[PDB]
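Cβ placement follows ideal geometry from the backbone for every residue including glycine, while neighbour counts extend to all protein chains displayed. No value in this document is a laboratory result; all are computed from the given coordinates.
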Amino acid sequence: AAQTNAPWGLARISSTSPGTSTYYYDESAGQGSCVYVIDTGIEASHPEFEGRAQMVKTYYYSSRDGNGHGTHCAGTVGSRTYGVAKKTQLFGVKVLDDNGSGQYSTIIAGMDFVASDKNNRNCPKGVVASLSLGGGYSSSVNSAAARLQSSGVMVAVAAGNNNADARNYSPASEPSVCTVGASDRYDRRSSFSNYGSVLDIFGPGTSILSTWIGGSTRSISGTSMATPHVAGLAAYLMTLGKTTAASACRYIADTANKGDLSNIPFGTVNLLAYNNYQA
Ligand SMILES: [Ca+2]
């Protein structure tokens, strides 16, 4: 399949080089997979989700996304126009309030929720979780992410937006999950992107168009935006078979565009998420 005039990040994920604008992908499009977006929620009624999104959990007085961040991330995973895996099922877990804040205890509860909740969902091709959030190093937060991964969920987490070594942030610093840095449309490391040995992969993160609340769209930037490209890619690859939750981060790294990004600090992987789709 070919989507013309796609957001640059989608085109990038299916290209051996930067500067094209058509997204190419296998028509299966993540059908039969599921992605949990653990964030401020998802506006499930957005036409871009086509009934494939739903809220499954909140820790606040509402499950509504009153921020937009979660809706944007979900859009990059699986919206019809702005998404990587255009046929995946999207499950919203609201661990962040409408200001985008959340206590680590609530975030941990959300991760353990997903590890159990997947047993209440139909995801024959596999389960992914996208965590576009983080804070300072916490062994408890890292351990929760590790449990989620161990339970059979492909966990993708944002590296963070501090232009610093991600070793000092959680869940970014958890070795067993897939830690995602951000790049721009000219294949530069995004200026805010964290880096370091704990990173596994980079994805498009600067000026990313996606869904927003009130049935709208907007372009924003962050490792928060890179993460759902990788989460969607994992879901897509899992329905193709290609890989599994336990192996998807390694597979994505194995098949990535290599050595193409600029301003990657010595010691950080130079790997850009790539679907290796041959039309
Ligand atoms: Ca990691």
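Summary of computed values
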{"item": "GNM flexibility winner over the chain from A235, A159, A256 (Cα, springs under 10 Å)", "result": "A256"}
{"item": "Charge sum, other residues only, whose C-beta stays under 10 Å from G215's C-beta, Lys/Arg counted +1 and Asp/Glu -1", "result": "-2"}
{"item": "Most mobile of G110, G203, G83 in a GNM of the chain (Cα contacts under 10 Å)", "result": "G110"}
{"item": "Size of charge dipole - the chain - debye, nearest 20, with Cβ of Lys, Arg +1 and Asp, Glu -1, no other charges", "result": "280 debye"}
{"item": "Distance in nm between pseudo-label sites at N122 and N5 (7 Å out along the Cβ direction from Cα)", "result": "3.6 nm"}
{"item": "Helix-derived mean residue ellipticity, 222 nm - over the chain, DSSP H n ≥ 4, -39500 (n - 2.57), to 500", "result": "-7500 deg cm²/dmol"}
{"item": "Farthest toward positive dipole pole in the chain [+1 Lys/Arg, -1 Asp/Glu at C-beta], among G203, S247, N163", "result": "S247"}
{"item": "FRET efficiency estimate (nearest 0.05) - Cβ-Cβ, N99 to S191, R0 22 angstrom", "result": "0.35"}
{"item": "Cα principal axis extents for segment 151-279, largest first, Å", "result": "40, 35, 31"}
{"item": "Cut-off under 5 Å, modelled amide H: who pairs with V155 long-range", "result": "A129, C178"}
{"item": "Residue-by-residue Karplus 3J(HN,Hα) for segment 212-228, coefficients 6.51, -1.76, 1.60, Hz, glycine and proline x", "result": "9, 5, x, x, 10, 9, 6, 9, 9, 10, x, 5, 4, 8, 5, 3, x"}
{"item": "Listed residues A129, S216, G30: farthest to the positive end of the dipole of the chain (Cβ charges)", "result": "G30"}
{"item": "Shape box of segment 1-45 [Cα atoms, principal axes, largest first, Å]", "result": "32, 23, 19"}
{"item": "Interchain or long-range residues, amide H under 5 Å from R188's placed H", "result": "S262"}
{"item": "Radius of gyration and Dmax over the Cα atoms of segment 82-229, both given in Å", "result": "14.8, 42"}
{"item": "Residue-span extension gain [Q278 to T22] - 0.36 nm each, minus C-alpha spacing", "result": "90.8 nm"}
{"item": "Proximal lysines to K242, defined as alpha-carbon separation beneath 22 angstrom and excluding residues fewer than eight positions away on the same chain", "result": "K86, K87, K118, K125, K258"}
{"item": "Segments 35-47, 70-82, 188-200, 258-270 sorted - mean Cβ within 10 Å per residue, highest first", "result": "70-82, 35-47, 188-200, 258-270"}
{"item": "Within segment 180-279: Cβ-based charge dipole about Cα centre, in debye rounded to nearest 20 (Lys, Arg +1; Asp, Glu -1)", "result": "80 debye"}
{"item": "Segment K258-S143, extension gain: residue separation times 0.36 nm, minus the distance between their alpha carbons", "result": "38.4 nm"}
{"item": "At 1.002 mPa s and 20 °C, Stokes diffusion of the chain via Kirkwood alpha-carbon radius, µm² per second", "result": "122 µm²/s"}
